[PDB]
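J.: So here's my_file16.pdb, just PDB, C-alpha atoms and all ligand atoms:
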ATOM      1  CA  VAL A   1    -122.366 106.088   1.234  1.00  0.00           C
ATOM      2  CA  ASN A   2    -125.214 105.830   3.760  1.00  0.00           C
ATOM      3  CA  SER A   3    -126.821 103.039   5.842  1.00  0.00           C
ATOM      4  CA  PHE A   4    -130.176 102.629   4.038  1.00  0.00           C
ATOM      5  CA  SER A   5    -130.370  99.012   2.863  1.00  0.00           C
ATOM      6  CA  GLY A   6    -132.557  97.075   0.460  1.00  0.00           C
ATOM      7  CA  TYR A   7    -133.969 100.028  -1.486  1.00  0.00           C
ATOM      8  CA  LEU A   8    -134.855  99.948  -5.157  1.00  0.00           C
ATOM      9  CA  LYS A   9    -133.404 102.953  -6.983  1.00  0.00           C
ATOM     10  CA  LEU A  10    -136.058 104.847  -8.937  1.00  0.00           C
ATOM     11  CA  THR A  11    -134.031 107.886 -10.089  1.00  0.00           C
ATOM     12  CA  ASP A  12    -130.752 109.634  -9.380  1.00  0.00           C
ATOM     13  CA  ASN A  13    -132.077 110.682  -5.961  1.00  0.00           C
ATOM     14  CA  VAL A  14    -135.238 108.693  -5.075  1.00  0.00           C
ATOM     15  CA  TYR A  15    -135.222 105.207  -3.539  1.00  0.00           C
ATOM     16  CA  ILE A  16    -138.143 103.026  -2.371  1.00  0.00           C
ATOM     17  CA  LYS A  17    -138.690 100.034  -0.077  1.00  0.00           C
ATOM     18  CA  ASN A  18    -141.539  97.995   1.268  1.00  0.00           C
ATOM     19  CA  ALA A  19    -140.965  98.819   4.924  1.00  0.00           C
ATOM     20  CA  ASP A  20    -142.564 100.044   8.137  1.00  0.00           C
ATOM     21  CA  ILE A  21    -141.178 103.578   8.508  1.00  0.00           C
ATOM     22  CA  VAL A  22    -141.171 103.132  12.300  1.00  0.00           C
ATOM     23  CA  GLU A  23    -139.000 100.017  12.091  1.00  0.00           C
ATOM     24  CA  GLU A  24    -136.804 101.599   9.440  1.00  0.00           C
ATOM     25  CA  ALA A  25    -136.303 104.712  11.596  1.00  0.00           C
ATOM     26  CA  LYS A  26    -135.476 102.588  14.654  1.00  0.00           C
ATOM     27  CA  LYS A  27    -132.781 100.711  12.669  1.00  0.00           C
ATOM     28  CA  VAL A  28    -131.205 103.512  10.637  1.00  0.00           C
ATOM     29  CA  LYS A  29    -131.539 106.432  13.040  1.00  0.00           C
ATOM     30  CA  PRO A  30    -131.612 108.828  10.090  1.00  0.00           C
ATOM     31  CA  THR A  31    -130.794 112.505  10.426  1.00  0.00           C
ATOM     32  CA  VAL A  32    -134.371 113.262   9.273  1.00  0.00           C
ATOM     33  CA  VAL A  33    -137.567 111.198   9.399  1.00  0.00           C
ATOM     34  CA  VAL A  34    -140.599 112.802   7.748  1.00  0.00           C
ATOM     35  CA  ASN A  35    -143.968 112.683   9.490  1.00  0.00           C
ATOM     36  CA  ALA A  36    -147.250 112.814   7.557  1.00  0.00           C
ATOM     37  CA  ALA A  37    -148.557 115.584   9.803  1.00  0.00           C
ATOM     38  CA  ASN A  38    -151.710 117.679   9.939  1.00  0.00           C
ATOM     39  CA  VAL A  39    -151.752 121.425  10.639  1.00  0.00           C
ATOM     40  CA  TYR A  40    -152.547 120.874  14.346  1.00  0.00           C
ATOM     41  CA  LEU A  41    -149.787 118.265  14.798  1.00  0.00           C
ATOM     42  CA  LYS A  42    -152.396 115.887  16.194  1.00  0.00           C
ATOM     43  CA  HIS A  43    -150.708 112.536  15.594  1.00  0.00           C
ATOM     44  CA  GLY A  44    -153.724 110.292  15.849  1.00  0.00           C
ATOM     45  CA  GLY A  45    -153.419 107.723  13.092  1.00  0.00           C
ATOM     46  CA  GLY A  46    -151.708 106.715   9.899  1.00  0.00           C
ATOM     47  CA  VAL A  47    -147.976 107.324   9.793  1.00  0.00           C
ATOM     48  CA  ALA A  48    -148.215 110.073  12.423  1.00  0.00           C
ATOM     49  CA  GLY A  49    -150.021 107.969  15.032  1.00  0.00           C
ATOM     50  CA  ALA A  50    -147.501 105.160  14.420  1.00  0.00           C
ATOM     51  CA  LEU A  51    -144.454 107.426  14.746  1.00  0.00           C
ATOM     52  CA  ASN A  52    -145.893 109.107  17.821  1.00  0.00           C
ATOM     53  CA  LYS A  53    -146.749 105.767  19.464  1.00  0.00           C
ATOM     54  CA  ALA A  54    -143.163 104.647  18.971  1.00  0.00           C
ATOM     55  CA  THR A  55    -141.999 107.753  20.925  1.00  0.00           C
ATOM     56  CA  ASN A  56    -144.278 106.837  23.870  1.00  0.00           C
ATOM     57  CA  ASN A  57    -146.284 110.057  23.130  1.00  0.00           C
ATOM     58  CA  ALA A  58    -143.225 112.330  23.530  1.00  0.00           C
ATOM     59  CA  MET A  59    -143.730 113.531  19.949  1.00  0.00           C
ATOM     60  CA  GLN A  60    -147.280 114.642  20.831  1.00  0.00           C
ATOM     61  CA  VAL A  61    -146.143 116.421  24.018  1.00  0.00           C
ATOM     62  CA  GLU A  62    -143.487 118.348  22.086  1.00  0.00           C
ATOM     63  CA  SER A  63    -145.961 119.088  19.289  1.00  0.00           C
ATOM     64  CA  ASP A  64    -148.597 120.487  21.646  1.00  0.00           C
ATOM     65  CA  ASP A  65    -146.036 122.941  23.031  1.00  0.00           C
ATOM     66  CA  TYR A  66    -145.036 123.906  19.455  1.00  0.00           C
ATOM     67  CA  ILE A  67    -148.666 124.662  18.519  1.00  0.00           C
ATOM     68  CA  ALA A  68    -149.342 126.554  21.749  1.00  0.00           C
ATOM     69  CA  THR A  69    -146.408 128.849  20.899  1.00  0.00           C
ATOM     70  CA  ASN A  70    -146.664 129.116  17.096  1.00  0.00           C
ATOM     71  CA  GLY A  71    -150.206 128.196  16.055  1.00  0.00           C
ATOM     72  CA  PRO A  72    -151.057 125.731  13.292  1.00  0.00           C
ATOM     73  CA  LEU A  73    -148.949 124.950  10.275  1.00  0.00           C
ATOM     74  CA  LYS A  74    -150.095 125.703   6.721  1.00  0.00           C
ATOM     75  CA  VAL A  75    -151.223 122.941   4.372  1.00  0.00           C
ATOM     76  CA  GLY A  76    -148.090 122.443   2.267  1.00  0.00           C
ATOM     77  CA  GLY A  77    -145.880 123.628   5.143  1.00  0.00           C
ATOM     78  CA  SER A  78    -143.593 121.994   7.662  1.00  0.00           C
ATOM     79  CA  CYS A  79    -141.668 122.353  10.885  1.00  0.00           C
ATOM     80  CA  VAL A  80    -138.552 120.663  12.267  1.00  0.00           C
ATOM     81  CA  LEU A  81    -138.898 119.110  15.726  1.00  0.00           C
ATOM     82  CA  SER A  82    -137.050 116.404  17.625  1.00  0.00           C
ATOM     83  CA  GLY A  83    -136.764 112.911  16.202  1.00  0.00           C
ATOM     84  CA  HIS A  84    -136.899 111.481  19.740  1.00  0.00           C
ATOM     85  CA  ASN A  85    -135.800 107.812  19.686  1.00  0.00           C
ATOM     86  CA  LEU A  86    -136.411 107.506  15.929  1.00  0.00           C
ATOM     87  CA  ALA A  87    -134.087 110.048  14.246  1.00  0.00           C
ATOM     88  CA  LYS A  88    -132.098 113.184  14.996  1.00  0.00           C
ATOM     89  CA  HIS A  89    -134.946 115.351  13.674  1.00  0.00           C
ATOM     90  CA  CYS A  90    -138.536 114.886  12.579  1.00  0.00           C
ATOM     91  CA  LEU A  91    -139.675 117.018   9.653  1.00  0.00           C
ATOM     92  CA  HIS A  92    -143.443 117.319  10.132  1.00  0.00           C
ATOM     93  CA  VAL A  93    -144.845 117.959   6.634  1.00  0.00           C
ATOM     94  CA  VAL A  94    -148.516 118.698   5.920  1.00  0.00           C
ATOM     95  CA  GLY A  95    -149.666 117.291   2.602  1.00  0.00           C
ATOM     96  CA  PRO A  96    -153.230 118.051   1.486  1.00  0.00           C
ATOM     97  CA  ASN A  97    -155.897 115.739   2.914  1.00  0.00           C
ATOM     98  CA  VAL A  98    -158.302 114.855   0.110  1.00  0.00           C
ATOM     99  CA  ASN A  99    -160.784 113.668   2.733  1.00  0.00           C
ATOM    100  CA  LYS A 100    -160.887 117.323   3.893  1.00  0.00           C
ATOM    101  CA  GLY A 101    -161.220 118.766   0.374  1.00  0.00           C
ATOM    102  CA  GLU A 102    -157.742 120.306   0.266  1.00  0.00           C
ATOM    103  CA  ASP A 103    -156.193 121.285  -3.059  1.00  0.00           C
ATOM    104  CA  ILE A 104    -154.022 118.487  -4.445  1.00  0.00           C
ATOM    105  CA  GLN A 105    -151.769 121.058  -6.115  1.00  0.00           C
ATOM    106  CA  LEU A 106    -150.502 121.759  -2.605  1.00  0.00           C
ATOM    107  CA  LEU A 107    -148.780 118.363  -2.740  1.00  0.00           C
ATOM    108  CA  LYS A 108    -145.889 119.841  -4.722  1.00  0.00           C
ATOM    109  CA  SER A 109    -145.439 122.604  -2.116  1.00  0.00           C
ATOM    110  CA  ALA A 110    -145.420 119.939   0.603  1.00  0.00           C
ATOM    111  CA  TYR A 111    -142.643 117.962  -1.117  1.00  0.00           C
ATOM    112  CA  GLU A 112    -140.575 121.151  -1.623  1.00  0.00           C
ATOM    113  CA  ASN A 113    -139.908 121.088   2.134  1.00  0.00           C
ATOM    114  CA  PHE A 114    -137.787 117.971   1.582  1.00  0.00           C
ATOM    115  CA  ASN A 115    -135.261 120.028  -0.453  1.00  0.00           C
ATOM    116  CA  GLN A 116    -134.087 121.748   2.740  1.00  0.00           C
ATOM    117  CA  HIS A 117    -132.553 118.416   3.892  1.00  0.00           C
ATOM    118  CA  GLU A 118    -129.773 116.511   2.151  1.00  0.00           C
ATOM    119  CA  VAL A 119    -131.108 113.027   3.066  1.00  0.00           C
ATOM    120  CA  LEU A 120    -134.525 111.942   4.411  1.00  0.00           C
ATOM    121  CA  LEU A 121    -136.512 108.842   5.316  1.00  0.00           C
ATOM    122  CA  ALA A 122    -140.115 109.535   4.365  1.00  0.00           C
ATOM    123  CA  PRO A 123    -143.563 108.215   3.546  1.00  0.00           C
ATOM    124  CA  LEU A 124    -145.455 109.172   0.428  1.00  0.00           C
ATOM    125  CA  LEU A 125    -147.149 112.451   1.253  1.00  0.00           C
ATOM    126  CA  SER A 126    -150.944 112.592   1.149  1.00  0.00           C
ATOM    127  CA  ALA A 127    -151.139 108.789   0.751  1.00  0.00           C
ATOM    128  CA  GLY A 128    -152.926 106.428   3.108  1.00  0.00           C
ATOM    129  CA  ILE A 129    -155.605 108.096   5.211  1.00  0.00           C
ATOM    130  CA  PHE A 130    -154.896 111.457   3.533  1.00  0.00           C
ATOM    131  CA  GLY A 131    -156.770 110.106   0.527  1.00  0.00           C
ATOM    132  CA  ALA A 132    -154.554 110.933  -2.459  1.00  0.00           C
ATOM    133  CA  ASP A 133    -153.488 108.490  -5.158  1.00  0.00           C
ATOM    134  CA  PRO A 134    -150.072 107.135  -4.053  1.00  0.00           C
ATOM    135  CA  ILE A 135    -148.967 106.711  -7.685  1.00  0.00           C
ATOM    136  CA  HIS A 136    -149.555 110.444  -8.138  1.00  0.00           C
ATOM    137  CA  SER A 137    -147.754 111.181  -4.875  1.00  0.00           C
ATOM    138  CA  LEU A 138    -144.714 109.213  -6.056  1.00  0.00           C
ATOM    139  CA  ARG A 139    -144.687 111.099  -9.366  1.00  0.00           C
ATOM    140  CA  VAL A 140    -144.816 114.489  -7.604  1.00  0.00           C
ATOM    141  CA  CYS A 141    -142.053 113.332  -5.247  1.00  0.00           C
ATOM    142  CA  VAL A 142    -139.750 112.337  -8.119  1.00  0.00           C
ATOM    143  CA  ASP A 143    -140.499 115.550 -10.020  1.00  0.00           C
ATOM    144  CA  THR A 144    -140.062 117.870  -6.989  1.00  0.00           C
ATOM    145  CA  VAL A 145    -137.506 116.486  -4.541  1.00  0.00           C
ATOM    146  CA  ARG A 146    -133.879 116.952  -5.575  1.00  0.00           C
ATOM    147  CA  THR A 147    -132.275 115.788  -2.323  1.00  0.00           C
ATOM    148  CA  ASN A 148    -131.854 112.110  -1.465  1.00  0.00           C
ATOM    149  CA  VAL A 149    -135.128 110.566  -0.350  1.00  0.00           C
ATOM    150  CA  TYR A 150    -135.670 107.025   0.939  1.00  0.00           C
ATOM    151  CA  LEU A 151    -139.363 106.205   0.694  1.00  0.00           C
ATOM    152  CA  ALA A 152    -140.885 103.600   3.000  1.00  0.00           C
ATOM    153  CA  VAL A 153    -144.133 102.058   1.758  1.00  0.00           C
ATOM    154  CA  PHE A 154    -145.908  99.999   4.413  1.00  0.00           C
ATOM    155  CA  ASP A 155    -148.246  98.015   2.141  1.00  0.00           C
ATOM    156  CA  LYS A 156    -146.498  95.343   0.054  1.00  0.00           C
ATOM    157  CA  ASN A 157    -149.311  95.228  -2.503  1.00  0.00           C
ATOM    158  CA  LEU A 158    -149.112  98.970  -2.891  1.00  0.00           C
ATOM    159  CA  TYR A 159    -145.304  98.850  -3.029  1.00  0.00           C
ATOM    160  CA  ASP A 160    -145.425  96.327  -5.881  1.00  0.00           C
ATOM    161  CA  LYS A 161    -147.993  98.427  -7.736  1.00  0.00           C
ATOM    162  CA  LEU A 162    -145.869 101.576  -7.280  1.00  0.00           C
ATOM    163  CA  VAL A 163    -142.750  99.877  -8.677  1.00  0.00           C
ATOM    164  CA  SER A 164    -144.529  98.104 -11.518  1.00  0.00           C
ATOM    165  CA  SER A 165    -146.286 101.300 -12.672  1.00  0.00           C
ATOM    166  CA  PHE A 166    -143.320 103.673 -12.270  1.00  0.00           C
ATOM    167  CA  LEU A 167    -142.375 105.575 -15.402  1.00  0.00           C
TER     168      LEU A 167
HETATM  169  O1  LIG A 201    -147.965 101.037  13.027  1.00  0.00           O
HETATM  170  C1  LIG A 201    -146.846 100.947  12.639  1.00  0.00           C
HETATM  171  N1  LIG A 201    -146.348 101.543  11.414  1.00  0.00           N
HETATM  172  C2  LIG A 201    -147.162 102.277  10.463  1.00  0.00           C
HETATM  173  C3  LIG A 201    -146.507 102.694   9.317  1.00  0.00           C
HETATM  174  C4  LIG A 201    -147.213 103.365   8.336  1.00  0.00           C
HETATM  175  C5  LIG A 201    -148.572 103.611   8.515  1.00  0.00           C
HETATM  176  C6  LIG A 201    -149.355 104.343   7.405  1.00  0.00           C
HETATM  177  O2  LIG A 201    -150.519 104.552   7.513  1.00  0.00           O
HETATM  178  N2  LIG A 201    -148.594 104.726   6.211  1.00  0.00           N
HETATM  179  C7  LIG A 201    -149.174 105.371   5.077  1.00  0.00           C
HETATM  180  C8  LIG A 201    -149.728 106.796   5.301  1.00  0.00           C
HETATM  181  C9  LIG A 201    -150.517 107.355   6.315  1.00  0.00           C
HETATM  182  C10 LIG A 201    -150.879 108.695   6.237  1.00  0.00           C
HETATM  183  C11 LIG A 201    -150.460 109.462   5.151  1.00  0.00           C
HETATM  184  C12 LIG A 201    -149.688 108.917   4.139  1.00  0.00           C
HETATM  185  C13 LIG A 201    -149.322 107.573   4.219  1.00  0.00           C
HETATM  186  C14 LIG A 201    -148.487 106.725   3.253  1.00  0.00           C
HETATM  187  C15 LIG A 201    -148.050 105.560   4.083  1.00  0.00           C
HETATM  188  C16 LIG A 201    -147.928 104.295   3.230  1.00  0.00           C
HETATM  189  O3  LIG A 201    -148.955 103.823   2.661  1.00  0.00           O
HETATM  190  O4  LIG A 201    -146.816 103.711   3.099  1.00  0.00           O
HETATM  191  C17 LIG A 201    -149.227 103.165   9.658  1.00  0.00           C
HETATM  192  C18 LIG A 201    -148.524 102.486  10.643  1.00  0.00           C
HETATM  193  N3  LIG A 201    -145.824 100.231  13.379  1.00  0.00           N
HETATM  194  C19 LIG A 201    -146.136  99.577  14.637  1.00  0.00           C
HETATM  195  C20 LIG A 201    -145.354  98.290  14.893  1.00  0.00           C
HETATM  196  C21 LIG A 201    -146.823  98.218  14.472  1.00  0.00           C
END
Can the structure from this file be put into structure tokens for me?
T.:
Amino acid sequence: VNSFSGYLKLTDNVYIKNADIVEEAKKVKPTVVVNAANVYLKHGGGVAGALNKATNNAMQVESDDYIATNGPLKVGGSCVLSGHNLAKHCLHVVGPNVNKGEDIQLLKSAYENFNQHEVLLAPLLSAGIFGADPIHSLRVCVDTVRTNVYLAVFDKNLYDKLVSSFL
């Protein structure tokens, strides 16, 4: 038993909710919140800008030190940093950005990072300003992630379309 409430169950291990991931993180305080990161950990907009704003820019300060030490992530890769006031940990995962021409096949590699964590609160990777089809992202998530994932979908219209079209 865990504290995630109001989710629709899609499969054995994947759950979905129309919710603001920032508000959901603030209420649940999950062990892991996933950020929709880029390779530079520049949290300017989309989910990342929202999560970072909620940390009063502490996420960005920590991220800049991480990059100065380690260099950029890979597309499809991840790193674990602090969750600040939102979660114990933040798993920064880089899905491909279609608006940069990145290979959509890397979306499966991106979701594989979730399997290193037993339970996660997460957005749909590569959705939103990353330019991928969220229906496709949900399918890759279900077919790749084996650990327990609670997906927060900000847009109600999109949420309803995701549920109604789910196979
Ligand atoms: O501002 C926010 N919360 C916020 C939450 C989500 C996004 C957001 O853009 N989410 C989508 C996104 C973005 C990049 C990559 C993938 C995806 C899939 C995500 C989706 O559609 O569900 C923005 C702001 N709270 C402040 C109180 C106001």
J.: Mind dumping a table of every chain A residue within 7 Å of ligand LIG 201 (chain A), with the nearest atom pair and its distance in Å to one decimal, using all atoms listed in the file, sorted by chain and rising number, as CSV?
T.:
residue,atom,partner,partner_atom,distance
A:20,CA,A:LIG201,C3,4.9
A:21,CA,A:LIG201,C3,5.5
A:22,CA,A:LIG201,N1,5.5
A:23,CA,A:LIG201,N3,6.9
A:36,CA,A:LIG201,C11,5.2
A:46,CA,A:LIG201,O2,3.4
A:47,CA,A:LIG201,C5,4.0
A:48,CA,A:LIG201,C10,6.9
A:50,CA,A:LIG201,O1,4.4
A:123,CA,A:LIG201,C14,5.2
A:124,CA,A:LIG201,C14,4.8
A:125,CA,A:LIG201,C12,5.2
A:126,CA,A:LIG201,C12,4.9
A:127,CA,A:LIG201,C12,3.7
A:128,CA,A:LIG201,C8,3.9
A:129,CA,A:LIG201,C10,4.9
A:130,CA,A:LIG201,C11,5.1
A:152,CA,A:LIG201,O4,5.9
A:153,CA,A:LIG201,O4,3.4
A:154,CA,A:LIG201,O4,4.0
A:155,CA,A:LIG201,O3,5.9
J.: Can you tell me how far atom CA of residue A:97 sits from atom CA of residue A:34, in Å to one decimal?
T.: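 A separation of 16.3 Å between them.
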J.: As an exercise, work out the distance from atom CA of residue A:75 to atom CA of residue A:144 in Å and give it to one decimal place.
T.: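 Computed distance, atom CA of residue A:75 to atom CA of residue A:144, equals 16.7 Å.
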J.: With distances taken over all atoms listed in the file, which of A:10, A:73, A:120, A:145 is nearest to residue A:39?
T.: A:73
J.: If you measure from atom CA of residue A:148 to atom CA of residue A:118, what distance in Å do you get, rounded to one decimal?
T.: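 Taking atom CA of residue A:148 and atom CA of residue A:118, their separation equals 6.1 Å.
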J.: Which one is closest to residue A:121: A:42, A:100, A:74, A:26? Count all atoms listed in the file.
T.: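 The shortest atom-to-atom distance to residue A:121 comes from A:26.
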J.: Closest to residue A:7 among A:149, A:51, A:157, A:66, using only C-alpha atoms?
T.: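 Of A:149, A:51, A:157, A:66, the one nearest residue A:7, counting only C-alpha atoms, is A:149.
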J.: Nearest to residue A:143 among A:37, A:44, A:13, A:65, with distances taken over only C-alpha atoms: which residue is it?
T.: A:13
J.: Pull out every residue that the PyMOL selection byres (((chain A and resi 140) around 12) and not hetatm) matches in the shown coordinates and put them as number ranges by chain.
T.: A: 14, 95, 104-112, 124-127, 132-139, 141-146, 166
J.: Enclose all atoms of stretch 13-28 of chain A listed in the file in an axis-aligned box, grow every side by 8 Å, and hand back centre and edge lengths in Å to one decimal, as JSON.
T.:
{"center_x": -136.9, "center_y": 104.3, "center_z": 4.3, "size_x": 27.4, "size_y": 28.7, "size_z": 36.6}
J.: Which residues would end up in the selection if the PyMOL selection byres (((chain A and resi 81) around 9) and not hetatm) were applied here, given that I need the answer as a PyMOL selection string?
T.: chain A and resi 59+62-63+66+79-80+82-84+89-92
J.: Looking at only C-alpha atoms, which of A:77, A:159, A:55, A:1 is the one that sits closest to residue A:17?
T.: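 Nearest to residue A:17: A:159.
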J.: Return the single residue from A:116, A:52, A:69, A:35 that is closest to residue A:94, with distances computed using all atoms listed in the file.
T.: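 Closest candidate: A:35.
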J.: Give me the residues within 10 Å of residue A:8 as a count of residues only, counting only C-alpha atoms and dropping any in the same chain fewer than 4 places off.
T.: 8
J.: Please return stretch 56-79 of chain A, rebuilt to N, CA, C and O atoms, as a tab-separated table (two decimals), in the coordinates of the input.
T.:
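That gives us selection-v7.tsv:
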chain	number	residue	atom	x	y	z
A	56	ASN	N	-143.60	106.87	22.57
A	56	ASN	CA	-144.28	106.84	23.87
A	56	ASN	C	-144.99	108.16	24.14
A	56	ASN	O	-145.10	108.60	25.29
A	57	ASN	N	-145.51	108.81	23.09
A	57	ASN	CA	-146.28	110.06	23.13
A	57	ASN	C	-145.40	111.29	23.34
A	57	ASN	O	-145.93	112.40	23.44
A	58	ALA	N	-144.07	111.15	23.38
A	58	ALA	CA	-143.22	112.33	23.53
A	58	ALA	C	-143.34	113.26	22.32
A	58	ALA	O	-143.27	114.49	22.47
A	59	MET	N	-143.51	112.70	21.13
A	59	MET	CA	-143.73	113.53	19.95
A	59	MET	C	-144.96	114.42	20.12
A	59	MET	O	-144.94	115.61	19.79
A	60	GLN	N	-146.06	113.86	20.63
A	60	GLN	CA	-147.28	114.64	20.83
A	60	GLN	C	-147.08	115.73	21.88
A	60	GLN	O	-147.56	116.86	21.69
A	61	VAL	N	-146.39	115.43	22.97
A	61	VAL	CA	-146.14	116.42	24.02
A	61	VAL	C	-145.35	117.60	23.45
A	61	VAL	O	-145.71	118.77	23.65
A	62	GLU	N	-144.28	117.30	22.71
A	62	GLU	CA	-143.49	118.35	22.09
A	62	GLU	C	-144.31	119.15	21.09
A	62	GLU	O	-144.19	120.38	21.00
A	63	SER	N	-145.14	118.45	20.31
A	63	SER	CA	-145.96	119.09	19.29
A	63	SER	C	-146.99	120.03	19.90
A	63	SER	O	-147.25	121.11	19.36
A	64	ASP	N	-147.60	119.63	21.02
A	64	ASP	CA	-148.60	120.49	21.65
A	64	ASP	C	-147.97	121.79	22.13
A	64	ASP	O	-148.57	122.86	22.01
A	65	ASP	N	-146.74	121.72	22.66
A	65	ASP	CA	-146.04	122.94	23.03
A	65	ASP	C	-145.72	123.79	21.80
A	65	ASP	O	-145.86	125.02	21.84
A	66	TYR	N	-145.31	123.16	20.69
A	66	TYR	CA	-145.04	123.91	19.45
A	66	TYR	C	-146.28	124.68	19.00
A	66	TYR	O	-146.19	125.86	18.64
A	67	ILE	N	-147.44	124.01	18.98
A	67	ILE	CA	-148.67	124.66	18.52
A	67	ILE	C	-149.09	125.76	19.48
A	67	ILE	O	-149.56	126.83	19.06
A	68	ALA	N	-148.96	125.53	20.78
A	68	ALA	CA	-149.34	126.55	21.75
A	68	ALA	C	-148.52	127.82	21.55
A	68	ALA	O	-149.03	128.92	21.78
A	69	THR	N	-147.27	127.69	21.13
A	69	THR	CA	-146.41	128.85	20.90
A	69	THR	C	-146.63	129.48	19.53
A	69	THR	O	-146.64	130.71	19.40
A	70	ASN	N	-146.76	128.65	18.48
A	70	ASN	CA	-146.66	129.12	17.10
A	70	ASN	C	-147.97	129.07	16.32
A	70	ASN	O	-148.04	129.67	15.24
A	71	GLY	N	-149.00	128.40	16.82
A	71	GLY	CA	-150.21	128.20	16.06
A	71	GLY	C	-150.01	127.13	14.99
A	71	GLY	O	-148.93	126.56	14.82
A	72	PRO	N	-151.09	126.82	14.27
A	72	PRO	CA	-151.06	125.73	13.29
A	72	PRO	C	-150.10	125.99	12.14
A	72	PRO	O	-149.80	127.12	11.76
A	73	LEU	N	-149.66	124.88	11.54
A	73	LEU	CA	-148.95	124.95	10.28
A	73	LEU	C	-149.92	125.30	9.15
A	73	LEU	O	-151.14	125.32	9.34
A	74	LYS	N	-149.36	125.57	7.98
A	74	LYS	CA	-150.10	125.70	6.72
A	74	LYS	C	-150.15	124.35	6.02
A	74	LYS	O	-149.19	123.58	6.09
A	75	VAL	N	-151.24	124.07	5.31
A	75	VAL	CA	-151.22	122.94	4.37
A	75	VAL	C	-150.16	123.22	3.31
A	75	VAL	O	-150.14	124.30	2.71
A	76	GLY	N	-149.26	122.26	3.11
A	76	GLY	CA	-148.09	122.44	2.27
A	76	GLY	C	-146.86	122.85	3.05
A	76	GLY	O	-145.76	122.87	2.47
A	77	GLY	N	-146.99	123.18	4.33
A	77	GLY	CA	-145.88	123.63	5.14
A	77	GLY	C	-145.29	122.53	6.02
A	77	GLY	O	-145.65	121.36	5.94
A	78	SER	N	-144.34	122.94	6.85
A	78	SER	CA	-143.59	121.99	7.66
A	78	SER	C	-142.99	122.70	8.86
A	78	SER	O	-142.88	123.93	8.91
A	79	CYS	N	-142.54	121.89	9.82
A	79	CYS	CA	-141.67	122.35	10.88
A	79	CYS	C	-140.72	121.23	11.26
A	79	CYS	O	-141.03	120.05	11.08
